[PDB]
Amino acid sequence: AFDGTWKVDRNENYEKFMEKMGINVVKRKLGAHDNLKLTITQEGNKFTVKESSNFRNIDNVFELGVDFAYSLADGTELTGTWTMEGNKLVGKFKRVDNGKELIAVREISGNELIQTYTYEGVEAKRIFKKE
C-alpha cells in the first residue's frame, strides 16, 4: 500500500506548473531540486504524512473525507480533502486567495509512487521510488 518511505526520483513538466502558479525563475529551480522525502503511516481512516526537504520539515495529518488547511513552502494557503477510490488517493483543493481549483492524485505503479497535479489547464507529475 502507501506505508513506508519514498524518495523523489524525477519530474515531468513541474517547472511549467510552478510558473502558472506565479513562482519566479529562481524559486522554480530551487523547487525542482528540493530533495523531497515522504514518510507515510496509516491509522484507520487517519494518515500522517511527514514532509522533509531542503525547505522545511513538517507533519501533515488528515482524515479521509474531512477538510483541512495546508500551506505550500512559499506561503500559499490551500483548503480541501482527500478521499479513497479504488486503490488511489484523490484530493480536491482550492487556493484561498484567488479561489482557483487544484486537483492531486496519488497511485502506486509497481514499486513507484506517482503524484499528479492539475491547475488552470496544466498537468505535471513527480515520481518517487520506495526506500
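Just count from 1 along the sequence shown to find any residue number.
S.K.: Can you let me know which of the two, 42-50 or 29-37, has the higher average C-alpha B-factor in the entry?
M.R.: Looking at the record's C-alpha B-factors, the answer is 42-50.
S.K.: Do the CA atoms of 97-105 or those of 73-81 have the higher mean B-factor in the entry?
M.R.: It is 73-81.
S.K.: Quick check for you: using the entry's CA B-factors within this chain, is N111 in the lowest, middle or highest third?
M.R.: Tercile = highest for this residue's CA B-factor.
S.K.: With respect to C-alpha B-factor, does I58 fall in the lowest, middle or highest third of the chain as deposited?
M.R.: Highest third.
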